[PDB]
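**Student:** Quick one: this structure, given as structure tokens, is what I'll be asking you about.
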Amino acid sequence: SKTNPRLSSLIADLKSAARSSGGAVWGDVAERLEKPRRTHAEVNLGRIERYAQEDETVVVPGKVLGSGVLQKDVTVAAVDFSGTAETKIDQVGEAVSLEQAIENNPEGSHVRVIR
Amino acid sequence: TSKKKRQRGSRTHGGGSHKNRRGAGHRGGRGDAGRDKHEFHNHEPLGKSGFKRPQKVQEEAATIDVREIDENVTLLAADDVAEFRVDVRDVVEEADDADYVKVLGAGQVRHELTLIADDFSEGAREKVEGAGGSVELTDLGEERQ
Amino acid sequence: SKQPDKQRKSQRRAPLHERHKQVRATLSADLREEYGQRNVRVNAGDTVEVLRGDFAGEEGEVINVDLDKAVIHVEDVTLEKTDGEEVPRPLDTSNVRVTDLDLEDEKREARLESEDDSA
Amino acid sequence: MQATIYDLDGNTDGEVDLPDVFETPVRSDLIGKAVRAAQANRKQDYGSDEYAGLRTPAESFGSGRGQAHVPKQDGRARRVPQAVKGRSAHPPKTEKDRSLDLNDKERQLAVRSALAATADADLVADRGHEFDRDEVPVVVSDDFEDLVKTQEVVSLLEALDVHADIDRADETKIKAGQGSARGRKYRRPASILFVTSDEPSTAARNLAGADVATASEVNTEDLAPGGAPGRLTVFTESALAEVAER
RNA sequence: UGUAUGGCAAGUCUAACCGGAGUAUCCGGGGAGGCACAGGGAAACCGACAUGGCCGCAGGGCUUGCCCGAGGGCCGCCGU
RNA sequence: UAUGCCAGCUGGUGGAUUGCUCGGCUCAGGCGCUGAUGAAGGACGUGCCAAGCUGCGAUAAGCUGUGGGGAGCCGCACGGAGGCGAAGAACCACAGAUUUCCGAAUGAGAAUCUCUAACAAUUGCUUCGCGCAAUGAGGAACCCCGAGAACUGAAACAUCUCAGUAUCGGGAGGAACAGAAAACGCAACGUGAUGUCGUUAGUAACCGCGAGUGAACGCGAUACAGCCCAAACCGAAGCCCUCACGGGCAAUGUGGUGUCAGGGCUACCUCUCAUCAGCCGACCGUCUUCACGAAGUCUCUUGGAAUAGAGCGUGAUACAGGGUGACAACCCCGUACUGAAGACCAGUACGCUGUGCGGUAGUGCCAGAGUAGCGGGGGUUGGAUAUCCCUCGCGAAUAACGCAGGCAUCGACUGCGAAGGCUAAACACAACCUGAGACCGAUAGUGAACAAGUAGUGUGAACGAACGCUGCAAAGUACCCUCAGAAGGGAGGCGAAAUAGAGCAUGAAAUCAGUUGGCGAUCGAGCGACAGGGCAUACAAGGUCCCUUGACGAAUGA
Ligand SMILES: [Cl-]
Ligand SMILES: [Cl-]
Ligand SMILES: [Cl-]
Ligand SMILES: [Mg+2]
Ligand SMILES: [Mg+2]
Ligand SMILES: [Mg+2]
Ligand SMILES: [Mg+2]
Ligand SMILES: [Mg+2]
Ligand SMILES: [Mg+2]
Ligand SMILES: [Mg+2]
Ligand SMILES: [Mg+2]
Ligand SMILES: [Mg+2]
Ligand SMILES: [Mg+2]
Ligand SMILES: [Mg+2]
Ligand SMILES: [Mg+2]
Ligand code: NA
Ligand code: NA
Ligand code: NA
Ligand code: NA
Ligand code: NA
Ligand code: NA
Ligand code: NA
Ligand code: NA
Ligand code: NA
Ligand code: NA
Ligand code: NA
Ligand code: NA
Ligand code: NA
Ligand code: NA
Ligand code: NA
Ligand code: NA
Ligand code: NA
Ligand code: NA
Ligand code: NA
Ligand SMILES: [Sr+2]
Ligand SMILES: [Sr+2]
Ligand SMILES: [Sr+2]
Ligand SMILES: [Sr+2]
Ligand SMILES: [Sr+2]
Ligand SMILES: [Sr+2]
Ligand SMILES: [Sr+2]
Ligand SMILES: [Sr+2]
Ligand SMILES: [Sr+2]
Ligand SMILES: [Sr+2]
Ligand SMILES: [Sr+2]
Ligand SMILES: [Sr+2]
Ligand SMILES: [Sr+2]
Ligand SMILES: [Sr+2]
Ligand SMILES: [Sr+2]
Ligand SMILES: [Sr+2]
């Protein structure tokens with residue numbers, strides 16, 4: 001049982017978008033967020049740079065950390081970003097909250113899940 | 001409700017027969033007792049192995065991989081920008097209480113660096129020289145002979 | 001102390017001179033104005049009016065002041081025994097108000113009239 | 001956002017920008033964790049006498065006299081937990097760490113979050129506070145710090161339609177249970193928090209349920225009593241500014 | 001040594017203690033030191049994949065079997 | 001229906017429960033020695049009437065003084081008699097008087113008494129006389145120096161472990177001990193007295209290399225403070241007692257100098273604000289105690305009583321807590337604010353008097369012996385070759401020398417001067433004072449809320465309970481009847497209540513008396529569960545239930 005009200009709302013929002021719109025991603029992200037904290041994603045930048053491509057939103061079902069270099073013009077969506085992560089991403093691309101990604105793309109199209 | 005909280009009424013509190021939870025006999029002796037007899041399993045074998053050198057004749061080197069230097073060069077604007085030049089002794093943490101500073105060769109070197117340190121690995125040189133750079137040994141580093 | 005046990009203890013186990021404050025009653029409107037005090041230590045010559053018990057509304061002279069029991073006897077505020085004898089009903093000075101004072105003592109009068117001290 | 005400043009008569013006197021911390025997302029679980037820690041950290045170590053019930057040379061007679069192997073002295077049972085006058089088996093121990101640790105970042109986030117809960121008028125009304133305002137917190141001028149009389153603060157809060165909260169806290173509850181015997185007979189609702197800058201308001205402190213604080217040290221507890229976010233607060237113009245860098 | 005929850009994250013946490021104060025709470029200091037950030041070898045001493053290949057779950061894409069395929073799996077390769 | 005079974009009703013018994021807290025428990029701050037000037041402890045006394053407790057000491061619940069306090073008082077303890085107090089008592093603070101006997105117990109003896117002038121005993125000084133002094137014993141633990149187990153762990157057990165623990169002997173203080181390097185040894189161009197706290201670290205080290213055991217240097221803090229001899233060179237220039245006189249000490253050396261920024265001597269330069277001795281002497285802070293101190297005791301209703309409900313009003317730098325006939329900021333004590341005193345910090349800091357810091361050159365003048373060191377045997381330690389100590393034997397140098405830097409020797413290097421001494425502050429404990437509590441709430445919490453280390457047990461060492469609650473106010477039951485009767489009973493009186501009537505709030509269960517319902521002297525025993533009948537039932541808090549017929553109608557099914 002999650003104790004954070006904001007995470008409980010995010011999960012409920014990801015579920016609403018999965019059922020209402022044509023997305024399968026948001027329900028898949030909701031299922032991972034309902035799972036224990038240790039199973040959540042702790043991803044550094046060197047992994048987003050390796051596996052992501054432009055005009056395809058990167059969805060992290062956890063938190064993005066700041067180790068490594070990111071050169072690609074990618075839009076990264078996550079539950080949270082570290083201070084350095086968000087700074088390094090905004091220099092070459094855009095760090096967006098998973099809450100905004102649900103409003104901008106309720107259908108969950110052209111999206112890559114990275115962990 | 002915890003496991004502990006549901007025990008009133010169980011009598012044995014999960015211990016099986018009430019003849020179980022008594023003294024040290026239930027544990028096979030006190031502490032590490034029987035580490036070679038009845039409970040030898042998963043214990044490190046008996047014996048002496050090796051020697052130790054006196055702590056004041058021991059050297060502690062402060063290490064850093066080329067990858068750590070290379071990923072943070074644009075962020076290290078507080079250090080020399082040549083035709084990049086960086087004194088490694090000023091980058092590594094805990095380099096005060098250390099004997100010497102050594103640059104190791106793990107990762108890639110995407111920039112042209114001129115590194116100044118007390119020691120370098122064969123691979124640390126190869127990666128820096130292989131991407132248009134130089135390696136400078138200190139006056140303290142003049143021990144390699 | 002803020003602790004109830006210690007508070008009640010200091011009141012019951014208080015020395016005789018400190019028990020004077022346990023026999024204090026509020027002064028009337030006129031007497032408060034005349035002497036600049038809200039209350040006074042009830043004396044065996046004062047006239048008092050009962051404000052709270054079964055004798056509420058009755059006036060009378062203070063006949064006795066017991067410091068040890070921190071209680072007072074007022075004239076006609078009595079109880080009738082089985083034999084017929086009218087014995088005094090002890091009153092707490094907190095349920096009482098002073099209407100007239102006994103100023104036969106020079107020290108008590110001076111204490112009441114001084115702005116720096118109180119009686 | 002913008003915060004309306006009020007003078008000592010309760011009329012508007014301009015407006016300054018409401019600082020960024022008041023937009024920190026309300027997080028009741030973190031606020032509650034910080035109040036739980038503060039309440040626990042002031043609790044005193046206690047425990048029964050280590051030797052209570054052990055001061056006896058009582059011995060068991062063993063088998064033979066048709067009696068249970070219970071330690072006896074002068075034909076009276078002693079020491080053992082099942083015996084009257086015996087030791088307490090698992091008693092409260094003085095050695096127990098009754099303190100809760102909290103990370104500075106986690107605690108600081110809770111202070112910021114509780115400060116932010118103070119800016120939402122609906123959360124403040126949900127907490128229980130009685131007031132007739134739209135704008136919350138109540139921002140007053142620095143001349144509030146110069147007030148001496150309590151009755152003068154009553155007039156200002158009546159002019160600010162925020163006095164109804166003190167009427168709510170003007171009712172002492174005589175608690176159920178033995179706390180009475182230990183000094184905890186009464187309790188009352190928590191009302192308005194007064195955050196000043198120089199010194200805590202001597203003028204406002206005695207008001208029913210009121211708590212006075214200063215911007216440099218106002219904590220999670222005075223900002224959210226009992227862990228419940230959204231306390232009806234009143235800041236001094238300089239207090240609002242200083243509470244920004246917290 | 002696990003686990004659940006929460007903060008922060010290539011970092012993280014302060015300990016004693018100091019100042020403040022609403023004075024055991026609490027606010028601000030304090031990174032000494034600990035653990036993590038490289039390992040292997042008794043020691044001397046030496047010192048690593050920010051990815052080279054193939055499968056492929058979830059998910060995404062398309063002209064609806066075909067592509068991209070984090071994680072995972074099988075290998076290579078690297079340090080000692 | 002007898003004896004009797006089950007449930008209940010009325011009344012007991014019992015004292016659970018609920019409510020209450022004069023006691024505990026724990027934490028925190030402050031403070032901290034007493035005694036031959038006879039302590040602490042104990043004994044026996046002491047009151048108008050006095051058994052216990054408390055106090056006190058033949059001046060005996062007290063005497064005197066100053067201050068405070070105040071119209072009352074004569075302790076716990078509300079009686080009777082009587083007395084004291086405006087000649088200012090009680091009561092509180094400080095100071096003083098008195099202060100029996102035993103007790104370190106000291107003239108000698110002795111179960112608290114006795115016998116014929118007493119520092120007994122051991123010491124120092126000495127006028128060699130007990131003339132002047134000292135020691136003894138106590139204290140909650142803390143502290144320091146010695147002696148030193150075992151159960152236990154190792155699943156046995158011997159080394160090891162429990163543990164230098166328990167316990168024992170000796171001793172100091174308000175704190176002890178330690179302490180100005182023959183140090184450290186992140187080896188350095190580095191640190192710089194000592195405790196202690198955090199860490200270093202369960203690291204190094206030990207160990208039937210099993211189980212287990214276990215530092216330090218350094219670092220971050222706390223607090224900070226550095227000095228005096230011996231000797232050289234001087235050589236009576238000196239010290240103690242006494243008012244003085246005078247006496248005593250002292251060449252086997254008092255005193256000057258000096259003490260690793262080595263010193264002394266000789267020759268010079270300059271100078272002191274060091275050091276040492278001594279005078280003066282706090283602020284602040286902290287702890288405790290004290291003075292002062294705002295505003296309702298208005299209306300109505302209920303009540304035995306208003307702090308309750310409804311209504312009206314007030315203070316607040318004071319809405320902590322307590323008391324008061326029920327829940328109180330405004331009735332009383334207090335509480336905020338301001339101020340005062342004492343104690344501790346502390347005879348410290350600061351200030352002051354005196355003294356004089358230091359430098360150059362020369363000078364083998366001085367600088368702590370059973371020592372440093374080696375060996376035999378033991379203990380102890382993490383100390384391993386490399387801990388610390390004891391014991392027996394041996395045993396050096398002289399600063400041009402010596403010790404240390406974790407095996408020995410020699411050389412180098414770096415550090416440092418042992419075998420003389422003192423030393424503030426930061427830390428331990430909790431007797432004593434005060435404060436605090438998510439502690440217990442009378443079979444709990446102390447053994448002890450009560451006569452508590454009491455009653456009581458044991459020759460003794462020692463052991464050791466139980467017992468809290470009338471009521472707003474004693475108004476604590478007059479009178480009458482009965483009776484052997486201050487008994488008890490009846491009637492009666494008080495109070496809101498006597499089923500509040502004295503171990504008297506509430507008043508459970510086991511259980512007892514009387515009684516109600518059901519069963520009952522021809523009948524069978526886990527005492528019941530589920531069905532269904534008899535009989536029994538005031539209200540309230542449940543309101544359903546029966547029969548004809550009709551509707552629907554699963555499986556099954558004439
Ligand atoms: Cl990663
Ligand atoms: Cl080694
Ligand atoms: Cl050092
Ligand atoms: Mg007056
Ligand atoms: Mg007990
Ligand atoms: Mg209860
Ligand atoms: Mg004698
Ligand atoms: Mg054994
Ligand atoms: Mg073995
Ligand atoms: Mg040991
Ligand atoms: Mg060392
Ligand atoms: Mg001298
Ligand atoms: Mg040993
Ligand atoms: Mg008891
Ligand atoms: Mg009763
Ligand atoms: Na058992
Ligand atoms: Na260092
Ligand atoms: Na005992
Ligand atoms: Na029995
Ligand atoms: Na503790
Ligand atoms: Na650090
Ligand atoms: Na019979
Ligand atoms: Na003391
Ligand atoms: Na007596
Ligand atoms: Na005396
Ligand atoms: Na003597
Ligand atoms: Na003599
Ligand atoms: Na065993
Ligand atoms: Na045996
Ligand atoms: Na051993
Ligand atoms: Na009253
Ligand atoms: Na020896
Ligand atoms: Na050394
Ligand atoms: Na009892
Ligand atoms: Sr189990
Ligand atoms: Sr046992
Ligand atoms: Sr074996
Ligand atoms: Sr460091
Ligand atoms: Sr009395
Ligand atoms: Sr009395
Ligand atoms: Sr037998
Ligand atoms: Sr931190
Ligand atoms: Sr120092
Ligand atoms: Sr010497
Ligand atoms: Sr050597
Ligand atoms: Sr009892
Ligand atoms: Sr016997
Ligand atoms: Sr009667
Ligand atoms: Sr049968
Ligand atoms: Sr049919």
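As shown in the structure tokens, the chain order sets the letters A, B, ...; within each chain, residues go from 1, and ligands are also counted from 1 in the order they appear.
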Please return, as an MDAnalysis selection string, all residues of chain F lying within 9 Å of chain D when only C-alpha atoms (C1' of nucleotides) are considered.
**Tutor:** chainID F and resid 20:21 25:27 315:319 321 327 436:441 443 445:447 457 463:464
**Student:** Skipping near chain neighbours, those fewer than 4 positions away, what residues fall within 9 Å of residue 473 in chain F using only C-alpha atoms (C1' of nucleotides), listed as a list in words?
**Tutor:**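 Listed by chain and then number, they are residues 79, 89, 90 and 91 of chain C; 325 of chain F.
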**Student:** Which polymer residues have any atom within 8 Å of an atom of residue 81 in chain C, counting only C-alpha atoms (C1' of nucleotides), with same-chain residues fewer than 4 positions away left out, as a list in words?
**Tutor:**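 The neighbour list is residues 85, 86 and 87 of chain C; 475 and 494 of chain F.
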**Student:** Quick one: write out the picked residues with N, CA, C and O atoms (P, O5', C5', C4', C3', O3' and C1' of nucleotides) as a PDB file, in the first residue's frame?
**Tutor:**
```
ATOM      1  N   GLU C  85     -28.926  21.693  69.931  1.00  0.00           N
ATOM      2  CA  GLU C  85     -27.844  22.684  69.931  1.00  0.00           C
ATOM      3  C   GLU C  85     -27.498  23.162  68.523  1.00  0.00           C
ATOM      4  O   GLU C  85     -27.363  22.356  67.601  1.00  0.00           O
ATOM      5  N   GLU C  86     -27.394  24.479  68.365  1.00  0.00           N
ATOM      6  CA  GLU C  86     -27.039  25.063  67.082  1.00  0.00           C
ATOM      7  C   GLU C  86     -25.538  25.272  66.961  1.00  0.00           C
ATOM      8  O   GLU C  86     -24.955  26.156  67.594  1.00  0.00           O
ATOM      9  N   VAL C  87     -24.918  24.374  66.203  1.00  0.00           N
ATOM     10  CA  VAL C  87     -23.480  24.378  65.957  1.00  0.00           C
ATOM     11  C   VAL C  87     -23.162  25.049  64.624  1.00  0.00           C
ATOM     12  O   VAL C  87     -23.926  24.917  63.675  1.00  0.00           O
TER      13      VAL C  87
ATOM     14  P     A F 475     -21.003  18.723  64.940  1.00  0.00           P
ATOM     15  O5'   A F 475     -22.530  18.855  64.502  1.00  0.00           O
ATOM     16  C5'   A F 475     -22.878  18.917  63.108  1.00  0.00           C
ATOM     17  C4'   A F 475     -24.340  18.603  62.902  1.00  0.00           C
ATOM     18  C3'   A F 475     -24.750  17.148  63.083  1.00  0.00           C
ATOM     19  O3'   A F 475     -25.054  16.846  64.451  1.00  0.00           O
ATOM     20  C1'   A F 475     -25.530  17.930  60.991  1.00  0.00           C
ATOM     21  P     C F 494     -35.536  15.425  60.997  1.00  0.00           P
ATOM     22  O5'   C F 494     -33.977  15.530  60.703  1.00  0.00           O
ATOM     23  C5'   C F 494     -33.187  16.552  61.328  1.00  0.00           C
ATOM     24  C4'   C F 494     -31.732  16.366  60.987  1.00  0.00           C
ATOM     25  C3'   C F 494     -31.390  16.399  59.508  1.00  0.00           C
ATOM     26  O3'   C F 494     -31.247  17.747  59.057  1.00  0.00           O
ATOM     27  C1'   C F 494     -30.355  14.532  60.516  1.00  0.00           C
TER      28        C F 494
END
```
**Student:** List every residue of chain F that has an atom at most 12 Å from any atom of ligand 47, and for each one report the closest atom pair and its distance in Å to one decimal, counting only C-alpha atoms (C1' of nucleotides) and all ligand atoms, with rows sorted by chain and then by increasing residue number, as a tab-separated table.
**Tutor:**
```
residue	atom	partner	partner_atom_place_in_ligand_line	distance
F:457	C1'	ligand 47	1 (Sr)	10.3
F:458	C1'	ligand 47	1 (Sr)	6.0
F:459	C1'	ligand 47	1 (Sr)	8.5
F:460	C1'	ligand 47	1 (Sr)	9.3
F:461	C1'	ligand 47	1 (Sr)	11.3
F:462	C1'	ligand 47	1 (Sr)	11.0
F:463	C1'	ligand 47	1 (Sr)	11.7
```
**Student:** Write the residues you've just listed into a file as a PDB file, in the first residue's frame, and include N, CA and C atoms (P, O5', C5', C4', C3', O3' and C1' of nucleotides) for each of them.
**Tutor:**
```pdb
ATOM      1  P     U F 457       7.114 -13.551  66.789  1.00  0.00           P
ATOM      2  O5'   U F 457       7.887 -14.229  65.572  1.00  0.00           O
ATOM      3  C5'   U F 457       7.327 -15.367  64.907  1.00  0.00           C
ATOM      4  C4'   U F 457       8.305 -15.930  63.909  1.00  0.00           C
ATOM      5  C3'   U F 457       9.665 -16.349  64.437  1.00  0.00           C
ATOM      6  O3'   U F 457       9.620 -17.629  65.068  1.00  0.00           O
ATOM      7  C1'   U F 457       9.949 -15.114  62.452  1.00  0.00           C
ATOM      8  P     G F 458      10.551 -17.925  66.353  1.00  0.00           P
ATOM      9  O5'   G F 458      12.036 -17.919  65.777  1.00  0.00           O
ATOM     10  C5'   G F 458      12.525 -19.018  65.005  1.00  0.00           C
ATOM     11  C4'   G F 458      13.913 -18.725  64.490  1.00  0.00           C
ATOM     12  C3'   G F 458      14.966 -18.347  65.519  1.00  0.00           C
ATOM     13  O3'   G F 458      15.496 -19.497  66.170  1.00  0.00           O
ATOM     14  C1'   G F 458      15.129 -16.917  63.641  1.00  0.00           C
ATOM     15  P     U F 459      15.621 -19.524  67.772  1.00  0.00           P
ATOM     16  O5'   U F 459      16.846 -18.561  68.084  1.00  0.00           O
ATOM     17  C5'   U F 459      16.955 -17.949  69.371  1.00  0.00           C
ATOM     18  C4'   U F 459      18.339 -17.419  69.584  1.00  0.00           C
ATOM     19  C3'   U F 459      18.820 -16.466  68.519  1.00  0.00           C
ATOM     20  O3'   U F 459      18.324 -15.165  68.778  1.00  0.00           O
ATOM     21  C1'   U F 459      20.500 -18.053  68.973  1.00  0.00           C
ATOM     22  P     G F 460      17.948 -14.209  67.549  1.00  0.00           P
ATOM     23  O5'   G F 460      19.328 -14.040  66.771  1.00  0.00           O
ATOM     24  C5'   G F 460      20.418 -13.308  67.349  1.00  0.00           C
ATOM     25  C4'   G F 460      21.654 -13.484  66.507  1.00  0.00           C
ATOM     26  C3'   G F 460      21.525 -13.010  65.075  1.00  0.00           C
ATOM     27  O3'   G F 460      21.807 -11.609  64.994  1.00  0.00           O
ATOM     28  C1'   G F 460      22.372 -15.219  65.090  1.00  0.00           C
ATOM     29  P     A F 461      21.200 -10.733  63.784  1.00  0.00           P
ATOM     30  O5'   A F 461      22.087 -11.200  62.550  1.00  0.00           O
ATOM     31  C5'   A F 461      23.425 -10.715  62.380  1.00  0.00           C
ATOM     32  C4'   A F 461      24.082 -11.443  61.245  1.00  0.00           C
ATOM     33  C3'   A F 461      23.412 -11.324  59.884  1.00  0.00           C
ATOM     34  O3'   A F 461      23.856 -10.164  59.185  1.00  0.00           O
ATOM     35  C1'   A F 461      23.893 -13.596  60.336  1.00  0.00           C
ATOM     36  P     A F 462      22.845  -8.937  58.898  1.00  0.00           P
ATOM     37  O5'   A F 462      21.647  -9.520  58.012  1.00  0.00           O
ATOM     38  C5'   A F 462      21.884 -10.396  56.898  1.00  0.00           C
ATOM     39  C4'   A F 462      20.848 -11.507  56.867  1.00  0.00           C
ATOM     40  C3'   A F 462      19.432 -11.178  56.406  1.00  0.00           C
ATOM     41  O3'   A F 462      19.305 -11.146  54.979  1.00  0.00           O
ATOM     42  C1'   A F 462      19.315 -12.482  58.365  1.00  0.00           C
ATOM     43  P     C F 463      18.157 -10.242  54.290  1.00  0.00           P
ATOM     44  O5'   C F 463      16.789 -10.935  54.715  1.00  0.00           O
ATOM     45  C5'   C F 463      16.502 -12.289  54.322  1.00  0.00           C
ATOM     46  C4'   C F 463      15.253 -12.788  55.013  1.00  0.00           C
ATOM     47  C3'   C F 463      13.975 -12.001  54.776  1.00  0.00           C
ATOM     48  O3'   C F 463      13.378 -12.277  53.515  1.00  0.00           O
ATOM     49  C1'   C F 463      14.140 -12.567  57.062  1.00  0.00           C
TER      50        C F 463
END
```
**Student:** Which chain D residues are at most 12 Å from chain A (counting only C-alpha atoms), as number ranges by chain?
**Tutor:** D: 25-33
**Student:** Restricting the output to N, CA, C and O atoms, write the selected residues as a CSV table (one decimal), in the first residue's frame.
**Tutor:**
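Written output follows (part_31.csv):
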```csv
chain,number,residue,atom,x,y,z
D,25,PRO,N,3.6,21.3,-3.5
D,25,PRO,CA,2.4,20.4,-3.4
D,25,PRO,C,2.2,19.8,-2.0
D,25,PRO,O,3.2,19.3,-1.4
D,26,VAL,N,1.0,20.0,-1.5
D,26,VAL,CA,0.6,19.5,-0.1
D,26,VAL,C,0.8,18.0,0.0
D,26,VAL,O,0.3,17.2,-0.9
D,27,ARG,N,1.6,17.6,1.0
D,27,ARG,CA,1.9,16.2,1.2
D,27,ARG,C,1.7,15.8,2.7
D,27,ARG,O,2.6,15.9,3.5
D,28,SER,N,0.5,15.4,3.0
D,28,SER,CA,0.1,15.0,4.3
D,28,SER,C,0.8,13.9,5.0
D,28,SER,O,1.0,13.9,6.2
D,29,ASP,N,1.3,13.0,4.2
D,29,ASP,CA,2.1,11.8,4.7
D,29,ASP,C,3.4,12.2,5.2
D,29,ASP,O,3.9,11.6,6.2
D,30,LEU,N,4.0,13.2,4.6
D,30,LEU,CA,5.4,13.7,5.0
D,30,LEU,C,5.2,14.7,6.2
D,30,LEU,O,6.1,14.7,7.0
D,31,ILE,N,4.2,15.4,6.2
D,31,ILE,CA,3.9,16.4,7.2
D,31,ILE,C,3.6,15.6,8.5
D,31,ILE,O,4.2,15.9,9.6
D,32,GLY,N,2.8,14.5,8.4
D,32,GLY,CA,2.4,13.6,9.5
D,32,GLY,C,3.6,12.9,10.0
D,32,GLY,O,3.7,12.7,11.3
D,33,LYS,N,4.6,12.6,9.2
D,33,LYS,CA,5.9,11.9,9.6
D,33,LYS,C,6.7,12.8,10.4
D,33,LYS,O,7.3,12.4,11.4
```
**Student:** Using only C-alpha atoms (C1' of nucleotides) and all ligand atoms, find each protein or nucleic acid residue lying at most 12 Å from ligand 50; present the set as a PyMOL selection string.
**Tutor:** chain F and resi 552-557
**Student:** What parts of range 26-108 of chain A does DSSP call strand (DSSP E)? I'd like the answer as a ChimeraX atom specification.
**Tutor:** /A:41-43,57-59,62-64,75-78,80-81,94-97
